[PDB]
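Let us start with two forms of the same protein chain, each given on its own as structure tokens and named structure 1 and structure 2.
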Structure 1
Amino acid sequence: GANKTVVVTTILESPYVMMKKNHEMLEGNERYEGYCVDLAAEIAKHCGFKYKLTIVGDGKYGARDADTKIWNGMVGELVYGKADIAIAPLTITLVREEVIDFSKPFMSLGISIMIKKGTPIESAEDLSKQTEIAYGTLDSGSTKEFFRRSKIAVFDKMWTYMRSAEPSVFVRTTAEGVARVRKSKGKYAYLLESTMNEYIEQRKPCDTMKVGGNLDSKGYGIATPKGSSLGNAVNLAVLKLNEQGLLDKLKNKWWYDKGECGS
């Protein structure tokens, strides 16, 4: 049939998608700026489609309810036919790969630890061996699932603590996790992907840092409904953009050229 505007699901998560200055009087895609706004424009150009950015209704990345088996987040919007493509920092995982299609990675990353500067923690092992400093993860995504499923002793011990900690150590949005680190006087550390950890380390008031090595090695992919004809062209576009240096340029633009914590 005739060309139709592609519905892009994405998530309001800095620096991937942010409200532009003057958004209150702007419409459509012009309301937004950021790494995934730029990436969406590049993918659409290389693939020959028009598109509308739409922020995921529930603000989640995507997980499957263990009881109902219903998917939420951006994954659910693809699974249930509400969006045509997700262009976001959506981690490629086994349980998601089983229900949606993914491009090859457009970013490489791993789970990491964010501390308030001066916190006496250097590693996940350190966190697991003490109780004075609380720690947690984002809800409804791949980091929480990593700990829930891990059979590695250190990560198992961490999950056993996190799942029963009171008050809850889990947060609904990345920003809430950052705030809890910044306000907790060193008594909360946040488990989040290295990409975001590195971004926040370059934002005022420059009071957080990444410690330890990454816990795993994975990637973000552009996602489509399973079997969508759109997947092939999108994947070729990701590989071309990576090989041309454009993805490295975009990361540098939004992470380091715009950094607030000096040169």
Structure 2
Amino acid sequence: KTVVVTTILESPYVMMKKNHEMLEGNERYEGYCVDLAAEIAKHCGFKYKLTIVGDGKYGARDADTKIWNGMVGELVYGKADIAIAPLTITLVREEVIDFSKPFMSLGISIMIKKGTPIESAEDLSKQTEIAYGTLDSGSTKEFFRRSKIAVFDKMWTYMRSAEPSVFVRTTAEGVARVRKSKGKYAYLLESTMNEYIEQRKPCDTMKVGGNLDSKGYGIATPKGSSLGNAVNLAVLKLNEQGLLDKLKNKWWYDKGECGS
């Protein structure tokens, strides 16, 4: 049987090829998660079809209806066999689906326009001349909203009350705001995306300081799925063989536009 893989279009994980109209099936797509899916399938011995999650979401449980959306929902309700995507291992997701050990690490990080005089979260928190914010929804805003840590609590109070709004609707809007604000806006986002954008023309942004937290992306399967064991062993093997490091270097740096 062909294994149904649910994933999401986000660069550089999964992208439609420029010439996709001339291609078929899995060959329409490229990226880190496309390469990872092929390696997993080869090690586990299965054929697969890449499908893009209908609602474009990662996975959260609606407060009112209690229905899981996104890739997580596709697994929970039995519509897909596996999710191969930048999907973070979190407590509430682990309660409803199985996860491999993580294939990539990340944490919340600061993006500045080059030249901005900020080196750390502590620096941002202690000032207001350089405004700073997050996506208007999702996991990074939630991190600050929920934090009991003093520095991050202070940052949340500032962001929630800052005018005009320091929040943005999309990643692209956050990046454009950093680039157009003459050093007066810093954007808080996942370190993996920050690193990727640091390698996009016009090469005017950079990641600064240590990460604010630590977490990992994992491959997800329905709870109790037999496929989960083999997939987890494959991730651990690909890590030890150095293949995951090779794939991150390929998509972030070999294909990067801003030099070393």
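Here, residue number means position along structure 1's sequence, counting from 1. Think of the rigid core as the biggest set of C-alphas that the two forms share within 1.5 Å after superposition.
In a rigid-core overlay of the protein, residue 169 has its C-alpha displaced by at least 2 Å between structure 1 and structure 2.
A displacement of 2 angstroms or greater separates the C-alpha positions of residue 206 between structure 1 and structure 2, with the rigid core held in common.
The smaller of the two rigid parts turns by 18° against the larger between structure 1 and structure 2, as judged from C-alpha superpositions. Lined up on the core, residue 26 has its CA atom moved by 1.4 Å between structure 1 and structure 2. Taking the core as reference, the C-alpha deviation of residue 137 between structure 1 and structure 2 is 4.4 Å. Overlaying the rigid core between structure 1 and structure 2 leaves the Cα of residue 233 displaced by 0.1 angstrom.
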